[PDB]
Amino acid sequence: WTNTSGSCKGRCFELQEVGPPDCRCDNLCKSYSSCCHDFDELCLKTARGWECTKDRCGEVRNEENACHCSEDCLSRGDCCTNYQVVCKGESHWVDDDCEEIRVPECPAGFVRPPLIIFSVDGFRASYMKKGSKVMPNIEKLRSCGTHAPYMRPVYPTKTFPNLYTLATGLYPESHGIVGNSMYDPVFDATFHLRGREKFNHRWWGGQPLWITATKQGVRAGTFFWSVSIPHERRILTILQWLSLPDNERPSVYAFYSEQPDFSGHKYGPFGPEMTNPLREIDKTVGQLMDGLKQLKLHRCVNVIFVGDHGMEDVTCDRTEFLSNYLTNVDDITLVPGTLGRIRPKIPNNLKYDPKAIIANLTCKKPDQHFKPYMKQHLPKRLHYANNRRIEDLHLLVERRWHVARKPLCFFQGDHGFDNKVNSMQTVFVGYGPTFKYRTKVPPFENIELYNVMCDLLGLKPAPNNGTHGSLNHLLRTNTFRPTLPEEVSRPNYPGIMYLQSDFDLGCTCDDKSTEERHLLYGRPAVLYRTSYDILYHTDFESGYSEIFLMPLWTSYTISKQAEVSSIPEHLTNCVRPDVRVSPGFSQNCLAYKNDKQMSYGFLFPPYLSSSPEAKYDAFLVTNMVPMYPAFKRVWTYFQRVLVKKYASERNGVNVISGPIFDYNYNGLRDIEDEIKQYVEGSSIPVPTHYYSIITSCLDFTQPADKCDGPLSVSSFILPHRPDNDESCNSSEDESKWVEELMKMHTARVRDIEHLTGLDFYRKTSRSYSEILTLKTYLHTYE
């Protein structure tokens, strides 16, 4: 029980924690119905609006007014933000020429630059092109500070998952806020954007910035604002807090606007009606900047202007209904819209038939505007599976569409789609002494920002999914010096030790400076305990695992001119034992011969052999991996057609390929115990995915093997599945569907590192920070 009889006199937006029975006056009291009886009266004044006018200048102080224009207002820290312009002949900040801020220019008593996070909801990256004609304050921040052309949100691209990802550096599957709405089967409770359940702390995992700050003795302003508090009051509050005594002043502040999201939903992102909302946000940024200038802080504070996601054209006319595919939709609950998550209406309903549901949802219309996935089958780049609140059955919805349960307008915009979709991209600008001046940086992911905000505040980040150092290039100072991870397992280098006669594997082969060329960036470091051999070959090198009975990685270079050679008919089934590696640490062809479902393939493709001679190396048992025929359709097309196409287009390519084991879909290398499938009658483990990392010279005029500067990389993590049900056109020639599949399963090198325990690019001519940026790159194909 809270005693509302108390008073917020001299307590408005106090920062001290106050629990029952005492009543509160903080920004969040209204949400807890714990405000004192005079909160709204004392703390939420509106009298005379938010702007000084000439007739108010040097007024006598009336405490009833929203903000003040009296002579004392400055030292009391509560002038209207435009007070000096109107009353003292100063200029608005926006009208001042930009000037490099080489070091913080902070008043007496400031030990470090404060950080202000200005978050805007549904701010599509492309809105920035509207420029100073619509958003002059924001355009000044953008042009004079550090900006990216866009920032990638996390999936699903909705507000709660993204704001909490911004605060924690975590994927939703890790922080727990996996949607704006979710059901937790253990709590047997439901979380909604609106309603009180979300206030319960059990939902929120990881360690958000305000807690990290507090635990390290850095004070934080509020990172929540009650919907009922006007933006102007939020801004005045921040400025008032910045005017507090040195021993009370917070170091980090957050402002949030629910625009332009609201207007985007109503009108769509290209509506002329979007101009007004964007002007209003800009006016708010100007209030803040004018306010800071009034306080002599405008060259002291670091400002981050950042969105949570974008906005797409989505109308009533573009809605798929499950009732068109399924007989009884009244027995399922659907989290609907720009994504789908399906569970039985009655929790744990035993008659729930997921395999039958998925079958009825797979490739049933030619123009079908969604695709069902069991969550372990979603592209690994989404990192959307390892949480009990994520339903097994997911629908990935096509951009511009909605999915609804049944048929049983006022909206022209929505968001939530796949986070590589252009319309979902959002904004990032950093401005202030710690950011660079007039600098553009490539797009990056929002999971990276937590580390950077920690850097900006002198904090040590809690464990998270950013790659610390990958954004060092945004900063003038306060960069993080990353350290190379230490290798855990050194390789063996086996020479010949056996005779062809030593081998009884069931394999038949009818007819009978490698590094320099093939490990352009050094051998990958193995970061776990295991046993593996380096193997050299004319055309490729590999780290062959004696535990998993196949390479952890296979590395090879293909020059622009390389010749694609066929596999001779007599070599079709050719598999040759490898006299460097024990029969006991080898696969055997008998397992394949007998497994009626599983075939095999090669990591180094015989099609790219450097001579009919060398091609015999490609058929070694130590180059072979278990592949379903369905997967082989993809992999052969890749090996035979695509690698050469890339070599041709990029002036040669360096390729590293290998298996991934992630049976528990946690995005991390499986230990032996977690692997759940083996080739029939054997102990050959079956990968859940195969990866390829394709590197070349950023300057395409230089060949990959003779690159002097920055690198270019694209990579994939392809699902190893027994059918091609994912690809609706797979009945056609591979040229009609394989690349489309591959694009959906594009990945970062960093993703592959998590999934393999390998560390790549350890020997290059670039800085470690640059390499970290390279490893976080995602080739989107948009």
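Rigid core here is just the name for the largest C-alpha set that superposes within 1.5 Å across the two forms. Numbers for residues come from their place in the sequence shown, where the first is 1.
Rigid core superposed, root mean square over structures and residues, which stretch has C-alphas farther from this form in 9 other deposited structures of this protein, 409 to 417 or 138 to 146? When 409 to 417 and 138 to 146 are compared in 9 other deposited structures of this protein, the bigger C-alpha shift is seen for 409 to 417.
C-alpha RMS from this form in 9 other deposited structures of this protein, rigid core superposed: larger for 332 to 340 or 349 to 357? Comparing 349 to 357 with 332 to 340, the one that moves more in 9 other deposited structures of this protein is 349 to 357.
Select one of none, 1 to 3, 4 to 9, or 10 or more to describe the deposited residues without coordinates separating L408 and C409. Going from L408 to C409, the model skips 4 to 9 residues of the deposited sequence.
Deposited residues lacking coordinates between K512 and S513 (none, 1 to 3, 4 to 9, 10 or more): 10 or more residues are missing.
Give the stretch, out of 717 to 725 and 32 to 40, with the larger mean C-alpha temperature factor in the deposited entry. The deposited B-factors put 32 to 40 ahead on the C-alpha mean.
If you take the mean CA temperature factor per stretch, which one wins between 303 to 311 and 454 to 462? Higher mean C-alpha B-factor in the PDB entry: 454 to 462.
Just grab whichever of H745, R56, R748, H754 has the top CA B-factor as deposited. If I rank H745, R56, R748, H754 by C-alpha B-factor, first place goes to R56.
Whose CA atom has the top B-factor in the entry, of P605, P685, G264, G658? The C-alpha B-factor peaks, among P605, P685, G264, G658, at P605.
Going by the recorded CA B-factors, say which third of the chain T222 sits in, lowest, middle or highest. As the PDB entry reports it, the C-alpha B-factor of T222 lands in the middle third of its chain.
Give the position of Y616 by CA B-factor within its chain, expressed as the lowest, middle or highest third. As the PDB entry reports it, the C-alpha B-factor of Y616 lands in the highest third of its chain.
Taking the chain's C-alpha temperature factors as the reference, tell me which third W241 falls into: lowest, middle or highest. Ranked within chain, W241 CA B lands in the middle tercile.
Position of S470 among the chain's modelled residues by C-alpha B-factor, lowest, middle or highest third: Within its chain, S470 is a lowest-third residue by C-alpha B-factor, going by the deposited values.
In terms of the CA temperature factor given in the entry, to which third of its chain does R76 belong: lowest, middle or highest? For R76, the deposited C-alpha B-factor lands in the highest third.
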